[PDB]
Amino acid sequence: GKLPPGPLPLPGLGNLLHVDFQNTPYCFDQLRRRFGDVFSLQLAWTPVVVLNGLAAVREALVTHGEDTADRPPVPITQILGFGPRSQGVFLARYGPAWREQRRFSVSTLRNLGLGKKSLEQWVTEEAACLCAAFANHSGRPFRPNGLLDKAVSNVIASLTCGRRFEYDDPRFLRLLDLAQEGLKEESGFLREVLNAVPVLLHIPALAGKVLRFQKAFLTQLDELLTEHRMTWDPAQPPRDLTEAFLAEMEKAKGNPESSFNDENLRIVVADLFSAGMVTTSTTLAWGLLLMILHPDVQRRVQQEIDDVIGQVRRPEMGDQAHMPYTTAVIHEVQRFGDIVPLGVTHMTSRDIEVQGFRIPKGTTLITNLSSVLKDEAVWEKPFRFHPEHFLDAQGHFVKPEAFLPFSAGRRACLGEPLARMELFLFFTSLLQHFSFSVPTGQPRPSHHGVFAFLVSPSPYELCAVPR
């Protein structure tokens, strides 16, 4: 069939000069309005096809989900300990190694939450700690980001290692600091060039600098896992995912086909830890920013909170079904926030057909989630913070098909159920006890975010006054 259209491919750099790599989603909106919803790019040695709009994204990730659930090879991860039967979940190639870890994580999240509401309990308790840390800042403006990271990080640690850390814990702070630096290393120009040719990593000097913060994070994580292995009681049902992983590792002794080994444990845990730490935190940061930029929205949420929950009783997941406006606001935060504009890259394991065009096997697919969440043909006013995007005239919550912040298909975010819980419980608990506003004397903060692989809000301070 016909290959998708696109700008002129230069002999050497290809289409490297047609992309600014800063505000890339803005550049893709220009290419979409010039070549259509499915266009092509030649980024160096890599053939890339960009998918825009709900239809093009669904056609690849759902209709041809079997052929688009693979990941582009990342050779430099071998420094971190990545192997054939130890690829984790996030970067894992499409196959038995991914599916076993995928099915394990999805089911374990489900089991730890349905049995004794341990999922909901750790979040509820962490929200209370978050409220207290907010309370100590009262009377003075502050950046809420750091505290959001800690509260979000603790929820994960509660699911991985069955514990939380105090906000002033030296090892906790270091773990969080190393994590954020490790995100920046994955957004480096040096990475792409090093991803191209592996034997460049044979140079001792180069190999060391590649992932110095990321190796520090794993090392720090190893120390914590070793401690957790000591306190684990195999005679009891698993308290957390790591224990459940350890119990599987024992059963899989003598089986070289299993992905339940030591090398994969530290990688799967590092995956779950990082992925659900910077995403959920950033969203909560967006949520607070939008509440001080739109106080009228904040009051209506606080109104619905009182009419359903009160101001003393802690919020529960059962309350969400009775709070349609608050649900709309949270969904609109994710939509407007749009923290993962280009999603996570996929790769075709076969030849497929998207929107008539043909996509060769081994092609790197980019799902422009931004083009879906901001689609002007779907949303009433896509470039505004508008809670009524998820409400009808009567006030009922509706969820459009175009709400895809967690992407779609087999590779869709496995953390979504937990994310939904963290977002509702943290957001409601904060607004239940605090009124947020812009600090007087300071400029109105921009609703525009700083573009990266993960779009965070422009740096801002806020005032949190108790109620």
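Just so we're on the same page, rigid core means the largest C-alpha set that superposes within 1.5 Å between forms. Numbers follow the displayed sequence, beginning with 1.
Taking the rigid core as the alignment reference, the C-alpha atoms of 269 to 277 lie farther on average from the displayed form in 7 other deposited structures of this protein than those of the other stretch among 269 to 277 and 286 to 294. The segment moving more, judged by mean Cα distance from this form in 7 other deposited structures of this protein after a core overlay, is 118 to 126 among 118 to 126 and 237 to 245. Compared with other entries of the same protein, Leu10 falls in the group left without coordinates by at least a third of them, where both flanks are modelled. The records show that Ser458 is included in the coordinate set of every other eligible entry of this protein, so it is not omitted in a third of them. The question of which stretch, 21 to 29 or 442 to 450, has the higher mean Cα B factor is settled in favour of 21 to 29. As recorded in the PDB entry, 356 to 364 is the stretch of 246 to 254 and 356 to 364 with the greater mean C-alpha temperature factor.
Highest CA B-factor among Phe189, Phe397, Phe336, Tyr167, as stated in the entry: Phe189. For the set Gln42, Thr68, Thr428, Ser435, the PDB entry assigns the largest Cα B-factor to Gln42. Residue-level temperature factors show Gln214 in the highest third of its chain, judged at the C-alpha atom. When all modelled residues of the chain are sorted by CA temperature factor, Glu332 is found within the lowest third.
Among all modelled residues in its chain, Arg34 ranks in the highest third by Cα B-factor.
Per-chain ranking of the deposited C-alpha B factor places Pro234 in the middle third. Ranked by C-alpha B-factor against the other modelled residues of its chain, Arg140 falls in the highest third.
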